[PDB]
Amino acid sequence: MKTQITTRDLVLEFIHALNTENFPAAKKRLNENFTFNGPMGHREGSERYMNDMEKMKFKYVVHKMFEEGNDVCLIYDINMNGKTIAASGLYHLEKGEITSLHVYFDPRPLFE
């Protein structure tokens, strides 16, 4: 109640938490029933997605940020196990939490 954290701050804090391998901080920004959708599948729940994140240790460089209504879209490079992939990430927020992420990119370089 004493802070001023906006929906844009939440998303950037989530990305900062992942970048600094602060996985408990990152999970705090997600709704319990958060969903993930990406080229390589779907995850149900913050628990499952954060368990994956802790193993994959992806890093993000944010180039552009957009906000409209209850959505934030990031244009970012994601370092996925040494491969750098240009992506767009669409985050939906409700009730002070991130409720979903849909990430867009061509995953073919990841398969060799």
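Numbers for residues come from their place in the sequence shown, where the first is 1.
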Averaged over C-alpha atoms, is the B-factor higher for 45-53 or for 68-76 in this PDB entry? 45-53
According to the deposited model, is the average Cα temperature factor higher in 36-44 or in 23-31? 23-31
For residue 87, the third of its chain by CA B-factor is the lowest
Within this chain, which third does the Cα B-factor at residue 8 fall in: lowest, middle or highest? lowest
